[PDB]
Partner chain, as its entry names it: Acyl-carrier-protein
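One chain comes next, on its own, written as structure tokens: the form deposited without its partner chain.
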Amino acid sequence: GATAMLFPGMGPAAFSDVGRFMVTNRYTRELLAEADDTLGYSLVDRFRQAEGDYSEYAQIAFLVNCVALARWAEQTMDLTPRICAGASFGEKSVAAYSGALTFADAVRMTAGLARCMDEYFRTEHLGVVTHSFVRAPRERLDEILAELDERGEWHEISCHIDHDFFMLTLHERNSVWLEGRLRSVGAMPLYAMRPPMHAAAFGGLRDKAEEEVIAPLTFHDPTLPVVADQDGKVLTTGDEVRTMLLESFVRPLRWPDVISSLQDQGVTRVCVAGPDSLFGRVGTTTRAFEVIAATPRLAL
């Protein structure tokens, strides 16, 4: 059966988890030089000093790391991937990986989208945050959402990851409460992310992103097909990859559709390229495929 290259969503991490990998690995070093030129700054140095978990600098560095690990894994393990897919942030990585964007343009886009989101969320949708959690069966989830409904609290399911694994976007006045409620029913809160992602309510952000960051870029046809993360559709053109990146703002990630599409495409093995402890480990993926988890730790 076929091998697919997969790019994870971006979780929070410390510079400390990857710094040594970044400056020592041959593949990261080449992409960093290209990144620094594009950006006009030393990414490693800015990332080291950065605030929070999702700075512009941490996002570009995650880009660098995932694409580096994909190349490293192909070469060192003689993978000849036939198809690829990215989840959430990983759409940006797969855009680079598939050559739908030059690596420089992918860095430009990633930086631009980071700044665009930062500016948007500093004057719009104030207080919105995205929560990731596991061991939350959907019926238990639905109970929590029905309690939010009773109090008129806005929310959207931003990611469907597994049967019991989701990301929920809502107002931060409900964050601590949600964490408690999840723990009440045996679920496990993982992390709270800002900027938030994937929500019908983010149409004005999609527009701004389109105008300021994405419209100016030249997309190229991918060198291999790309399975969209909104719905599992197989994509073969630059335009489709562009559309995917913009749809990402307003449609949820549906990882089960990505996995079942890949099964339908005759995939039996996947490599998950990047610092990840979610996408390479979740049952949705492992129940379907043999997984290679190409992490900084494996590469070292």
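Positions refer to the first chain, counted from 1.
The same protein also exists as the form solved in complex with its partner chain; that form is not shown, yet it is the one meant from here on.
Here the chain stands by itself, but in the deposited complex one stretch of 92-100, 108-116, 72-80, 185-193, 185-193, has heavy atoms within 4.5 Å of its partner chain.
Between its partner chain and the residues 141, 134, 224, 148, the one pair within 4.5 Å by heavy atoms in the deposited complex involves 134. In the deposited complex, its partner chain sits within 4.5 Å of a heavy atom belonging to residue 165. When contacts are judged by a 4.5 Å heavy atom cut-off, residue 281 counts as touching its partner chain in the deposited complex.
Residue contact check for residue 16: none of its heavy atoms lie within 4.5 Å of its partner chain in the deposited complex. Contact between residue 24 and its partner chain in the deposited complex is not found at the 4.5 Å heavy atom cutoff.
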